[PDB]
């Protein structure tokens, strides 16, 4: 049950020695600063995802009151968003939007994503320094979500800001060390919600064929299928959930291929392996700092612990995914392995709706960059930060065509 310090300097860069220590010594421990139990092993993590004794709604938490008062601008999003809705409401909302996120539906986005990837590399690949985060990955995910929502590129920076702020603001009162000023967070959240109201009112005015937002609006207008608050919360969550995560995937992919020349040469030789490799990036080195949370609906015993009702539980994803009893050679980056058991996109009713979008964006972004600059080399050690949810890479400086 030893030493868990996920905000220590060095942890985001390389958390694996620390959490192997934890995982090898115990399946469960109490994280005093996080005020919650932490589960360290694959099977325990996997099960809790599907186990209905554990809720997602933060309203089940013993500290619900404190959490709901924090960032009142986000109260609606917390009550009516995908995490807060009761299971039958959650199923309903998911049944509605899931069709818009399949591989086939998101395939339409392919040309716009490639165009964005093309102009980012055109506009900045000429200087000495190329920052894979600042100059590349950062400009991609919002373009994608905005194409899916049919929002003009001029609004991209406002929504990205909103997405990233919202993801952090939702941590305030929930997770220990949100690394930003409230007033700044709150302003980006406010402005973003305003922008969103305008996007939605325009779409109701000018509804479109084969369009996610119009479909959601048309469901809201007809007999009870989606409330206005559910709808707004849903679009807001999609923007916030899909912004930073994908930035980190793309960056961690490039990093991990630069670090493993063998893996890269394999993906060069069989471009069809790119999809598996991107899944193995998340498996071998998951972008999450700690993981995700659940809340005990009732007192119960679990892996030798007496968990009380309302107590929070963290699933230590990056640990579970190095669990040697499920993955062979868990500590090797192997782009040929079977990655089916990866929990990186969740399991159960709350399984990530954006998985096909994240994979498409990253295949295009990571594929393109290595095809057009095959001899790319890391110019320096990646700089990591203190995002409360993510092992966030702030910069990843490389040399595209090295002398």
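Positions refer to the first chain, counted from 1.
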Which of 264 to 272 and 247 to 255 has higher mean CA B factor, as the PDB entry lists it: 264 to 272
Entry-level comparison of average CA B-factors, 230 to 238 and 126 to 134, reporting the higher stretch: 126 to 134
Selection from 203, 183, 289, 322 [criterion: highest C-alpha temperature factor in the record]: 183
Maximum C-alpha temperature factor, selected from 309, 168, 283, 294: 309
Third of the chain's Cα B-factor distribution that residue 15 belongs to, per the entry: lowest
Relative C-alpha B-factor of residue 337, binned into the chain's lowest, middle or highest third: middle
Chain third (lowest, middle, highest) by recorded CA B-factor, residue given as residue 304: highest
Residue 392 - Cα temperature factor, lowest/middle/highest third of chain: lowest
Third of the chain's Cα B-factor distribution that residue 371 belongs to, per the entry: highest
